[PDB]
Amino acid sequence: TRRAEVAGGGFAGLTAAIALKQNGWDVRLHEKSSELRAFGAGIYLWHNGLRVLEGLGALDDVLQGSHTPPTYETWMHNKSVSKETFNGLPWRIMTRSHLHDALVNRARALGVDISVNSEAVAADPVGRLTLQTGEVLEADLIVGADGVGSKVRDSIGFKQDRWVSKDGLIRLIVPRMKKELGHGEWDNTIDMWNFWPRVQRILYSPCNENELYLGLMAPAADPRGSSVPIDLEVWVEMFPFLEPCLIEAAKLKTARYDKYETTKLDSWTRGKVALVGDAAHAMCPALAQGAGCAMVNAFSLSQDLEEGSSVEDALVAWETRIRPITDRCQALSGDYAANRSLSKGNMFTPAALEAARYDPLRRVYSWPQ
């Protein structure tokens, strides 16, 4: 029986663990934190990621308690500039805890061995994983799913193109306060852009009937807009129609202003070691495909490992097959981010929706645009 060691309990790590377990691997997943949990408030999932969930046997628990807006609307200075529904292309909004729990319950039901307070500090291409305590573990496959700053990746050494965003945002989960919002289309996803009187943007995303996912974006150089707890006055001023929700957001003393970095590597494999998720391809958040590609890649890895070839050969075949979809998505997302293309509306074109249209289960592209 083949054994796999997965470093990282994030969406990519859980996806890989479950996919491998389903194919008969003995699997152990290592999470450095003392508890299994996800940060980031909310998250968007598209057709490609929803298919992975179906392939993992975790779709049902995710759909129940999640939300699909009637439309994805964009505003520029409070003027609606577009409403797109992606020609039937499936998508869903949910809190990260909701998605994380579905994956963790599924992993537990399958018998995946989860170790907390277990931090991987090094990986050997020959099939060895070293923990922070010094303990060395041997396996037939090592999966590096430890996010940005990946110690597994850095212990082997990959050529890396790195970039860091000077500006960030505050992501929060607050009550819907739907009735207090009054007249409007408050079940819609609404990306509210503003450049005047100042640069402030809010991504409004309902997760279900009780929770609302908000993304408050302001320049790092803005002392008021980027502060946490949020500076209520400055947000209500440019988004008065959301005052009821903003009032609730101002009470979250745990809010944080997060920035991000992007990563592109020369390769994702080395011997029996495979890198997945952020550790391998963190990207700009514009297309909301970070977790989507991560899960597709983690799931595809388990597929290529079922061809009867050696793990080393399976890994390079995996990257050759699946990598182009991620590279292209990462690049386009990079362009959108830099040029603030989403502020124009109608930007979810066929090209931008390429990764979302991919169906990892049948390995073909669906929902034509």
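The first residue of the sequence shown is number 1, and the count goes up from there.
- Legend: mean Cα B-factor per stretch from the PDB entry, 117-125 versus 186-194; the higher mean is in 117-125.
- In this crystal structure, the stretch out of 136-144 and 288-296 whose C-alpha atoms carry the higher mean B factor is 136-144.
- Ranking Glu35, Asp327, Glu54, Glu319 by Cα temperature factor from the entry places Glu35 first.
- Based on the entry's C-alpha B-factors, the most elevated value among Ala279, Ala218, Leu212, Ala255 belongs to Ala255.
- The deposited CA B-factor of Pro229 belongs to the highest third of values across its chain.
- Placement of the Cα temperature factor of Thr15 within the chain: lowest third of the modelled residues, per the deposited record.
- Sort the modelled residues of the chain by CA B factor and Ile202 lands in the lowest third.
- In the PDB entry, a CA B factor belonging to the lowest third of its chain's modelled residues is recorded for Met94.
- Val62 sits in the middle third of its chain by CA B factor, as recorded in the PDB entry.
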